[PDB]
Amino acid sequence: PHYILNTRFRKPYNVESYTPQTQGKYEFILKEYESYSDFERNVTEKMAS
Amino acid sequence: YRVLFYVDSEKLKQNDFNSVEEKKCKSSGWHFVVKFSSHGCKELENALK
């Protein structure tokens with residue numbers, strides 16, 4: 001007899017053991033980045049004679 | 001059931017404003033033996049953002 005999730009299974013002659021394992025790990029890496037830059041140059045010159 | 005959260009929020013804002021304004025006006029007048037007239041005007045404006 002072999003039981004997996006309330007279901008009766010068969011172990012063949014070549015397989016030693018087939019056991020469901022939980023083994024769960026997930027990683028989630030999010031990146032956010034912004035850069036701003038501004039430049040302004042007003043120049044005015046007047047001459048009268 | 002382990003969890004591992006990390007949040008590193010960073011916000012930087014820099015603003016620079018500079019304004020320069022210069023104006024000069026000169027006038028000279030002389031009337032006697034001979035009429036003489038002189039006028040001078042100078043204007044300068046500079047702005048940086």
# chains A, B, ... in the order shown; residues from 1 in each chain; ligands from 1
$ interface_residues --of "chain A" --to "chain B" --cutoff "7 Å" --atoms "only C-alpha atoms" --output "ChimeraX atom specification"
/A:39-49
$ write_last_selection --atoms "N, CA and C atoms" --output "PDB file, in the first residue's frame"
ATOM      1  N   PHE A  39      18.218  72.762 -15.820  1.00  0.00           N
ATOM      2  CA  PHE A  39      19.165  73.855 -15.981  1.00  0.00           C
ATOM      3  C   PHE A  39      18.507  74.970 -16.779  1.00  0.00           C
ATOM      4  N   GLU A  40      18.745  76.210 -16.356  1.00  0.00           N
ATOM      5  CA  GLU A  40      18.199  77.379 -17.030  1.00  0.00           C
ATOM      6  C   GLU A  40      19.181  78.533 -16.875  1.00  0.00           C
ATOM      7  N   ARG A  41      19.338  79.320 -17.941  1.00  0.00           N
ATOM      8  CA  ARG A  41      20.286  80.433 -17.928  1.00  0.00           C
ATOM      9  C   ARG A  41      19.713  81.561 -18.781  1.00  0.00           C
ATOM     10  N   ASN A  42      19.192  82.591 -18.119  1.00  0.00           N
ATOM     11  CA  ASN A  42      18.768  83.817 -18.784  1.00  0.00           C
ATOM     12  C   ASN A  42      19.915  84.819 -18.811  1.00  0.00           C
ATOM     13  N   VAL A  43      20.127  85.436 -19.971  1.00  0.00           N
ATOM     14  CA  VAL A  43      21.181  86.429 -20.160  1.00  0.00           C
ATOM     15  C   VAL A  43      20.618  87.572 -20.993  1.00  0.00           C
ATOM     16  N   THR A  44      20.736  88.797 -20.483  1.00  0.00           N
ATOM     17  CA  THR A  44      20.256  89.979 -21.184  1.00  0.00           C
ATOM     18  C   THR A  44      21.240  91.121 -20.974  1.00  0.00           C
ATOM     19  N   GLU A  45      21.542  91.841 -22.054  1.00  0.00           N
ATOM     20  CA  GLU A  45      22.477  92.955 -22.015  1.00  0.00           C
ATOM     21  C   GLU A  45      21.983  94.063 -22.931  1.00  0.00           C
ATOM     22  N   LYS A  46      22.064  95.302 -22.451  1.00  0.00           N
ATOM     23  CA  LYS A  46      21.624  96.460 -23.217  1.00  0.00           C
ATOM     24  C   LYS A  46      22.620  97.593 -23.036  1.00  0.00           C
ATOM     25  N   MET A  47      22.886  98.316 -24.122  1.00  0.00           N
ATOM     26  CA  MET A  47      23.820  99.436 -24.105  1.00  0.00           C
ATOM     27  C   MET A  47      23.320 100.513 -25.054  1.00  0.00           C
ATOM     28  N   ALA A  48      23.346 101.763 -24.599  1.00  0.00           N
ATOM     29  CA  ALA A  48      22.888 102.888 -25.399  1.00  0.00           C
ATOM     30  C   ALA A  48      23.815 104.075 -25.180  1.00  0.00           C
ATOM     31  N   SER A  49      24.154 104.759 -26.272  1.00  0.00           N
ATOM     32  CA  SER A  49      25.031 105.920 -26.223  1.00  0.00           C
ATOM     33  C   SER A  49      24.534 106.969 -27.205  1.00  0.00           C
TER      34      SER A  49
END
$ select_by_dssp --residues "chain A" --states "strand (DSSP E or B)" --output "list in words"
residues 3, 4, 7, 8, 41, 42, 43, 44, 45, 46, 47 and 48 of chain A
$ write_last_selection --atoms "C-alpha atoms" --output "PDB file, in the first residue's frame"
ATOM      1  CA  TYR A   3      -0.991   6.694   0.084  1.00  0.00           C
ATOM      2  CA  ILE A   4      -0.535  10.170  -1.416  1.00  0.00           C
ATOM      3  CA  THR A   7      -5.185   8.377  -3.312  1.00  0.00           C
ATOM      4  CA  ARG A   8      -3.887   4.803  -3.396  1.00  0.00           C
ATOM      5  CA  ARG A  41      20.286  80.433 -17.928  1.00  0.00           C
ATOM      6  CA  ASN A  42      18.768  83.817 -18.784  1.00  0.00           C
ATOM      7  CA  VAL A  43      21.181  86.429 -20.160  1.00  0.00           C
ATOM      8  CA  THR A  44      20.256  89.979 -21.184  1.00  0.00           C
ATOM      9  CA  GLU A  45      22.477  92.955 -22.015  1.00  0.00           C
ATOM     10  CA  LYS A  46      21.624  96.460 -23.217  1.00  0.00           C
ATOM     11  CA  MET A  47      23.820  99.436 -24.105  1.00  0.00           C
ATOM     12  CA  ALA A  48      22.888 102.888 -25.399  1.00  0.00           C
TER      13      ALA A  48
END
$ atom_distance --atom1 "atom CA of residue 1 of chain A" --atom2 "atom CA of residue 23 of chain A"
24.7 Å
$ atom_distance --atom1 "atom CA of residue 16 of chain A" --atom2 "atom CA of residue 2 of chain A"
12.6 Å
